Amino acid sequence: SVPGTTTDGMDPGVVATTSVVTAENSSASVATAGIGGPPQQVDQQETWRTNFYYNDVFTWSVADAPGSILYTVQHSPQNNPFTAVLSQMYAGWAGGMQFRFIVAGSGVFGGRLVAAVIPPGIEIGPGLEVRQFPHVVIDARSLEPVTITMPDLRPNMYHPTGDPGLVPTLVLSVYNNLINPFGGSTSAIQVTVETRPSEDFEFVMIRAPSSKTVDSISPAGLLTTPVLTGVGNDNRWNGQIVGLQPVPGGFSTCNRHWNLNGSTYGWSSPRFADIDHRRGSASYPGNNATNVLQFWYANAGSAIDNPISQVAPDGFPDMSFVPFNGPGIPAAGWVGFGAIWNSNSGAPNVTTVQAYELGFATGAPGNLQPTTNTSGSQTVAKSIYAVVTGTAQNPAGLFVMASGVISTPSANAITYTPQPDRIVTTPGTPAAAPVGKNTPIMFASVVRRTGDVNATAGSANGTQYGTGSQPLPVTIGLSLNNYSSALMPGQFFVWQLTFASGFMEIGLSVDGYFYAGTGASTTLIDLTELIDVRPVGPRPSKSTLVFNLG
Amino acid sequence: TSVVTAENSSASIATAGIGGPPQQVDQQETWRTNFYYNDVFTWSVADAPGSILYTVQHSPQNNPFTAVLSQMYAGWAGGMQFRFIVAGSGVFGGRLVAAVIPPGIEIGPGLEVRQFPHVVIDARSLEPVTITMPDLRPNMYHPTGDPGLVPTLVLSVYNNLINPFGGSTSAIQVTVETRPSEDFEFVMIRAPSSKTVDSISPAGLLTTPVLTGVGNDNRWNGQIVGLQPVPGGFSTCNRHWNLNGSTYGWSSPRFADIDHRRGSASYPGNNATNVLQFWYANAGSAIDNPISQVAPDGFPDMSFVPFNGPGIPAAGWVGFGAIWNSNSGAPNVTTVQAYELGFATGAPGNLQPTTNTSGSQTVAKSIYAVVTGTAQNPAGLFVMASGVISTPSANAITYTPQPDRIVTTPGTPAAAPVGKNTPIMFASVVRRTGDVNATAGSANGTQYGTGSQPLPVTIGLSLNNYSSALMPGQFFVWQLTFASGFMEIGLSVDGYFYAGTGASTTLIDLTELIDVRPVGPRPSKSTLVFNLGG
Amino acid sequence: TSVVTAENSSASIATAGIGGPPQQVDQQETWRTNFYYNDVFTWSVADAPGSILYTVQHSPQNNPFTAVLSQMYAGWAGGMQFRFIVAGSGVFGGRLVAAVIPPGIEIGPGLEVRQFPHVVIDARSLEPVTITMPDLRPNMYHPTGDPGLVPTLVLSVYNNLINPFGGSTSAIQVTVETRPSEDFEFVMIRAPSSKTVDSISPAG
Amino acid sequence: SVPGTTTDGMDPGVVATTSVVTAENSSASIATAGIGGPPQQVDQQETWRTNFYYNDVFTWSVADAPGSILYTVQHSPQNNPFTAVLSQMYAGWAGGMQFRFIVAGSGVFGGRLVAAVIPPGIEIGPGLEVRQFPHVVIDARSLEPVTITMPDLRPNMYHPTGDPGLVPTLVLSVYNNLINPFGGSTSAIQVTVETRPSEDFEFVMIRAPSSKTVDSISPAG
Amino acid sequence: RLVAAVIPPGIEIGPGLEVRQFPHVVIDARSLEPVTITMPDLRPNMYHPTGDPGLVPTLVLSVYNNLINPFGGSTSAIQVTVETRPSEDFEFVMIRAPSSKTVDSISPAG
Amino acid sequence: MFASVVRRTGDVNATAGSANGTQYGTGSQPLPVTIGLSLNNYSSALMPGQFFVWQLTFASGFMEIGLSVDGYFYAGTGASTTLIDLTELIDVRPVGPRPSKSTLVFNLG
Amino acid sequence: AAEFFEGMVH
Amino acid sequence: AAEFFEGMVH
């Protein structure tokens, strides 16, 4: 016989049954699931259902308090690779599954884990105490694998693939803390999870391959490898993303943002076309209409032609207006090439085509103040250069290109634009909060400036980074598809970026924000050696994402 | 229900034991007992007797459920059953032959399918006709990754199709269905994340919203609302990528900026007050562009329109931008205006439009008066990549650009009509300077700006290589479903799009469009359908 | 005359015993052995391949006699048989597909009916084509008032309709008929004056 | 032949007895709790009786002198999550409880612990000398769990739910100092306590739940 | 712990090959006796010609869990040795002259 | 004691985390606790010389508090005067009667 | 309970 | 070797 230190692919190890594996459960599961017809893929000699195959891995740290969850899965055919392959060509399932755990530790450590199976109706949250359920305790010095079987406890006859209903949940948490008696640098171990279908698992209805469903597919296909190291732009400017930078404290950007549910945070449908308005006053300071600065303003609520919200026109930048007066150009901000045009079937004015600074002002045309809230405000635009002709008509509008730049006087270092203390906020939004050690992340890119035309990534002074919230391919992939059931609130969908000398994990919550395990650092992480992206799955927000950089 | 087994099934089971025990062999499974859809092809009145209409090799990809199950197995063996369903009518006549060809024989015009063992298919048969293809292989099994030699099923014409009624209908659709044989099996389970090398297909680049939602063109970032065909042909190479990983020209697909650094500047008139600024540089001096040296990124690819005085020129490319000096330059305050960009020759004397890129020179003349005019030798332009089209009055002129106005480089292929198929050109709603409020309602027709291909497609095709995804001589075909009609669209190997509208110049509106669906690679001799609601 | 039973009929009979003994189950009854008219639809020359022409959900209202008998029973279970009769002519061409869609799948333009288990219907066929829809349900029975999840029968276009003669006629009528299966039953008799909530129709 | 590195939810491990566990205690307890009627909730195959469930966790460091008190618990049906729910429909209780201890150490440490049962009437605090009671000594290198039983030593015939009376107390102390022979920053281990009713725990007299409620017994909620 | 599996022919061997979703064996770092696994002949031919064998399987050993030193310091590496032996069904078939296709035309080892 | 953000008469706009400092006012008991203590009697729940202990868990650490017969609350912290943040609190679990001369565990990490 | 499985078996 | 020919014969 094998001496315990080598294990076969069909060897479960020890068997741990808590209280839910009963004979009547299996007898009621087999007999009732015959409403779908005769069972399919039921042959207890095939290689795909006799061996254990790889599902997952996780890490167990010394600093993990008792009662913290390390691994959770709902009951699904996605927990085994071959049933996940076979579920695209079937429309129903029933039965249970087996989970094999191998602890990669030594006989010098200490500590215990605990595993339990939760009934379908119980909410999996913060107030769940899994040590007051029937459970089983596993030592950290175990050499042979331990197998736990989760049965199918359901109130319905079978599980449709597009609508399973209520399912049980397997939870594995910390019983007692991990102890290393020598101390030092070694403070974590690893546990590997394999899976294998149970003897009473089956499929029923044949259907068509790659058929559509009433539920939702996993959000792994939108974020591929060309999105980061190639094509893919920002939400505010059409420039390729170059790097990744964290923020401390959080932010709230609500212009072109889409939730996991299909909904927008106000105006600005996601396409960099143009900015147009039909109502708004025009004026100019001074007694002479020569070499002046044009002054256009209109209240929030005058955007009748916007089909989403009436508060702002389409494609408007969500920047607070920095007040300036005189020939000195403003710092940062949003400036775009534009002109003016008059109402009542009117042609645009020839004599005034100039770059204007866009923003929201308070108390115009008197003392102009920056504003953080969009409700009860008034959109504004004023020129930075001198034009030779001014208009003073009450009906007037704008014509500004959607792509823009930043205006800076000195242009040596400045500051990444925009800041979280400058991004405006629509009514009804949830704000970013750093949970765990994970911090809100904002994508960085390269945008030209008015102070220097040649803004190349290299020498001749350090470059400036514009920051946008989410990529425009990602926003397109969420503006149509609804993901109410793809990811439960309270956790995030985590990927795994792999560089040439390290790896990091990035997340995506239900709020549409991205999380990384940066901690308290504000260093730009340049994405130049990144090769490939492999998705992982749904991970709880309390867990720490890795930051192995060389 | 009876299941058919192959003639070589006992030798096929035994010799596949080098891969282990057989997997997924259960004769009562629902994925195995029923026939499911595979493909479709066309039988035409112009097909000579002895012509090949359909050809398929033995593979586990000619079934929707063995293709899903082949993601987790490194090997297969066994036969496969085919079924043919003719749409047909009782007024037609003609027969077809289907036979299995052993390995080692050519498939071509010299193949005599009528002297193999065959079956005969009628043009007006209601019940389907069935033929079984065995696994005649020189190997013990077929490993997934490198199978070996396989038989091929060939469909040919016995007697040509006849329509004694007359005109209109001249083509029949035939549907192929497939279920596996009794002796089919899998061996040697593997990781599903392993070798993901599956026939790369250009089907996922054109989905549904691309045409009834988000999606832009290569000239403007405007919503595509209508397709317009043009008979005769056209040539465009600005952001136009073909099916290889290559292109002919500048301007990588992003509407970010137009930036150049070196180039002379001048202005007419002896007074520095209310003039039209004129900036010009020759072709070949774009050092900052890493793709092509001909033009900076974002420069338009239409010709110049020769105008003078205070009249706004018809059509063209106008954009909001400014001038800027060199030597770590900041732009001048008193010159921001709309500038009309294009290609011309003989500047600053007689400015003439040009067809070819070589021997030309880029120019930039302002359309509105600017109070200051510089004359410095080092100068450049900082213009937004998104722009509008200038117009003297509002009206509705024409779709722009015309196929003769587009400037192309040497070495560019041209789109040509093949049969009744005619190259098309995607349109969009854009703004103008003659009327800012270009609402798609009353007050005359709106302006249409026309490009080559959907920018989205270019984005998704510039990453991958599609050299073997489409065999040359065919198009990749989609089927557009409207509310009261349906249409068919093509995509050649050279990056162009076609439709079988014939010699017509009427716009087709994508308002009642519901969904798209991929068809596959189809030969160019077959006319694409045009059964529209009118 | 042979009567067709469903593939899931033995599990369907046993799990409906929570409603009591089965009612109106007599295999020699004249309301049960014959086919009767249900509906009619149109197949046009302008229909693209892959378009849906007919869609019906599993219900005891797709038969004139099970709809009368459902006024006095609070529950039903079992399958139902469909039949298709094309008016047609010998100068036409084109085929159709019919398949049963399980619960949980969309019915829409992206549905590929030709890769389900299906039957093929010709434009010039004289004898009718028959398909059986089983009761694939996640419940033990279907209570009248709130049934639950049901399968759906979908008719689509395989090859488009062709008229080589020319003008005038460009549309075909197809008639649907229905008789119940061997495993259909009722449970739990109730007052006929009770809940009168029946699909309100603007026909009267 | 399962190893000691995997422990099952019904497994007590090694049973460590003490001289307070006597047969006449059990016989007297049952025969005098019989004045409340027949015993209730005494089915031996129920899931809430057969499994151990979590109670507490505490820390043992190298700086704790011998005689230092690490863990105490008073005898009550509030120590188990399921006998606290069942006490809302009854007016009395009688019987004992089992306590399971798991020490999370390694084979390189040293040091020992001590456990004893304290009869009612004795003040629990510092200066309570545990090693001069009948006691059990448990090593820091133990791999299997150790379970001892606290019986019901009471001067009443049953415990009323509002007013139980005098109860015994389980105290765990330090026998010898914890030793790390390497020395450094790693000087602490953890012990987990779980609980399960014993074979003679029962309730007696049923009553309405709309009587003296759960907010009048303990201020836990 | 480590992990070992046999890869059938036709599959590309490199980074991204997921070994734990094959049928595999897990070996601990504290094992004292040697562990032997057998690679069989999974081939699509009837024999392997000496010049041109054809498609062959591949044996891959990967990392299951990270190596842990609880003391911590400079000693973080161990070594594994591989040895080989023919199985009970290995054989040759057809004799030929050694002055045929030589040893310098088969592999460029010399 | 139990701290609370209370506005001041020199700046009525000031809230928690403001740049001018945070103003705190303290009380002995929470209001639901003293409401529940005036409706019931708990003589037969705690001997003099005992605490009723609750375990409070956080995102990082956990601490214990105790309630005496007199109605005061306690925590074992020694001589430190630092405010406990009590923002990332997760769960509260009862423990029961314990001796009063026993140190309540206080580690935030 | 036994009659249910007995009827389904029979 | 004998089992292979035996299976093919049977």
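Naming: A, B, ... by sequence-line order, numbering from 1 per chain. Any value given below was found using the heavy atoms of this structure, including those in side chains, with hydrogens, waters and symmetry copies removed.
- Contacts of A/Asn461 with chain B are absent, with no heavy-atom separation under 4.5 Å from either backbone or side chain.
- Here the closest non-hydrogen pair linking B/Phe65 and A/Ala208 is CZ-CA, 3.5 Å.
- Only the backbone of B/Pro22 comes within less than 4.5 Å of a heavy atom of chain A; no side-chain atom from C-beta onward does.
- Only the backbone of B/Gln28 comes within contact range of chain A, with heavy atoms under 4.5 Å apart.
- The structure places OG1 of A/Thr389 at 7.5 Å from CG of B/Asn274, a figure rounded to the nearest 0.5 Å.
- The shortest distance between side-chain heavy atoms of B/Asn34 and A/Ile206 falls below 4.5 Å.
- Proximity to chain B (any heavy atom under 4.5 Å) is restricted, for A/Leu398, to the backbone atoms N, CA, C and O.
- Of the atoms belonging to A/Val387, not a single heavy atom falls under 4.5 Å from chain B.
- Note that CD of B/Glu29 and CG of A/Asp43 are 8.5 Å apart. Values are rounded to the nearest 0.5 Å.
- Interface remark: of the candidates A/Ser210, A/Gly336, A/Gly451, A/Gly451 forms the most heavy-atom pairs closer than 4.5 Å to chain B.
- Looking only at side-chain heavy atoms (C-beta outward), A/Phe399 and B/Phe320 come within less than 4.5 Å of each other.
- Heavy-atom pairs under 4.5 Å with chain A were tallied for B/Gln71, B/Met188, B/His260; the largest tally goes to B/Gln71.
- Both the backbone and the side chain of B/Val25 come within less than 4.5 Å of a heavy atom of chain A.
- Of the two parts of A/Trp48, the backbone and the side chain both hold a non-hydrogen atom closer than 4.5 Å to a non-hydrogen atom of chain B.
- Of the two parts of B/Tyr73, only the side chain, counted from C-beta on, holds a non-hydrogen atom closer than 4.5 Å to a non-hydrogen atom of chain A.
- For B/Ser366, no part sits under 4.5 Å from any heavy atom of chain A, backbone or side chain.
- For a residue to count as touching a neighbouring chain, one of its non-hydrogen atoms must lie under 4.5 Å from one of that chain's; by this rule A/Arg271 touches chain B with backbone and side chain alike.
- The contact between B/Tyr36 and chain A is made entirely by side chain atoms (from C-beta outward), counting heavy-atom distances below 4.5 Å.
- The contact between A/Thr352 and chain B is made entirely by backbone atoms, counting heavy-atom distances below 4.5 Å.
- Side chains of A/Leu86 and B/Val68 form no contact here, defined as non-hydrogen atoms less than 4.5 Å apart.
- Interface remark: of the candidates B/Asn437, B/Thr439, B/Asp435, B/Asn437 forms the most heavy-atom pairs closer than 4.5 Å to chain A.
- Using a 4.5 Å cut-off between heavy atoms, B/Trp324 touches chain A through its side chain atoms alone.
- Of the residues considered (B/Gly329, B/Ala67, B/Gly215), B/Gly329 shows the highest number of contacts with chain A, using heavy-atom pairs under 4.5 Å.
- Your options are A/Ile476, A/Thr351, A/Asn238, A/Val453, and the one with the most heavy-atom pairs under 4.5 Å with chain B is A/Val453.
- The candidate from A/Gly338, A/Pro81, A/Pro38 with the greatest count of non-hydrogen atom pairs under 4.5 Å with chain B is A/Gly338.
- For a residue to count as touching a neighbouring chain, one of its non-hydrogen atoms must lie under 4.5 Å from one of that chain's; by this rule B/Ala338 touches chain A with backbone and side chain alike.
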Identify each donor-acceptor pair in which a side-chain atom of residues 386-395 of chain B lies under 3.5 Å from a protein atom, sequence neighbours left out, and give them as a table.
| unit_1 | atom_1 | unit_2 | atom_2 | d |
| --- | --- | --- | --- | --- |
| B/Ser390 | OG | B/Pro313 | O | 3.1 |
| B/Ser390 | OG | B/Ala315 | O | 3.0 |
| B/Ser393 | OG | B/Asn395 | OD1 | 2.9 |

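- Looking at B/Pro331, both its backbone and its side chain come within 4.5 Å of chain A, counting heavy atoms on both sides.
- Taking chain B as the reference chain and counting heavy-atom pairs below 4.5 Å, the highest number among A/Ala386, A/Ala273, A/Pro226 is found for A/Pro226.
- Side-chain contact between A/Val231 and B/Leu463: present, with at least one pair of heavy atoms (C-beta onward) separated by less than 4.5 Å.
- A search for side chain to side chain donor-acceptor pair (under 3.5 Å) contacts involving A/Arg448 returns B/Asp257, B/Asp259, not counting sequence neighbours.
- The most heavy-atom pairs under 4.5 Å with chain B, out of A/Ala339, A/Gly397, A/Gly239, come from A/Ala339.
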